[PDB]
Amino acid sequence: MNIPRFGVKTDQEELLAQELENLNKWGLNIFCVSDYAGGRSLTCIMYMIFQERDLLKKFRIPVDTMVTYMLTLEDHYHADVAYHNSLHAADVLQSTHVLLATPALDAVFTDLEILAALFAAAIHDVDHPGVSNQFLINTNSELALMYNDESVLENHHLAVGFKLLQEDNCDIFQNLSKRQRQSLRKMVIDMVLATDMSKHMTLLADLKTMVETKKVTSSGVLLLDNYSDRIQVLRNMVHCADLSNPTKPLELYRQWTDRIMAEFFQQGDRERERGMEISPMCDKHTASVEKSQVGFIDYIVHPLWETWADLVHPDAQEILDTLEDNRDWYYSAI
């Protein structure tokens, strides 16, 4: 291919150039990006980010190969799924891109660790069917049997993300050294596996413990002396970016909330048809969208982002406020 300016073919190039000025900002509107990029946000944003960080040249990644992988990856997100489609992936990627550039983490991560995090973010939900792990377990699916009921979807996301590199002209890591490929794989595994919600408690516990014994340079920049600490920060970062929806401008968060409930209810419908015990928040006949988000933010999202903010202080101060404003907004919408 000839490679379009912003990676994708668009009829609204300038309206798109407008939004991409927010590429490095929390305030980026990915819904607009999707609209202006013919529904290919993940391909667009990943291309932009990779140019922005000079990652194509750094790792000697042919552009045509990069674009072919990204389109392939995007195609394996399900368009009929309400929330867990390529838009969610583009969102999580871009948030991750911002969280990497946060001042308190300046010159901490290697280029490889950066590359891994962005690759993990992009693939973390590929080929999601629109139902939870427990649904795949209860139905005795092939997937749940392969992976022994443990992080089924997440394991599936890793398998699919990596196997796609083998489709014609998709090997974006072809010029990486063996050592680097080995190392990237590990990091990506750890990060994607950390997006299983049942890992959240331990993840946050470790992050909290990290925060209490943190050491800083003269500048305010965090000092992560060794590898083990860094991947712990990377795991939490992608996890944060994954649950970053309620930290965004209210206009966006509400649209995310609508997408997730549609997905949730659609599972519930299917659970009902099959006479299965309905999963939490999936019963359209008894679910309070507004209560659920307040519980979610109170028990999961605030504790998570608070701890992250302590770690990167004071870089996340505005993000934390926005979460608290959004919490309040949903509290009063009951």
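Heads up: residue numbers just count along the shown sequence, starting at 1.
Relative to its counterpart among 226-234 and 139-147, 226-234 has the higher mean temperature factor, C-alpha atoms as listed in the PDB entry.
In this entry, the higher average B-factor at the C-alpha atoms falls on 98-106, of the pair 98-106 and 153-161. Ranked by Cα temperature factor within the chain, residue 67 sits in the lowest third according to the deposited record. Ranked within its chain, residue 247 lands in the middle third, by CA B factor from the PDB record.
Residue-level temperature factors show residue 258 in the middle third of its chain, judged at the C-alpha atom.
Sorting the modelled residues of the chain by their CA temperature factor places residue 198 in the middle third. Ranked against the other modelled residues of its chain, the C-alpha B-factor of residue 187 as given in the entry falls in the lowest third.
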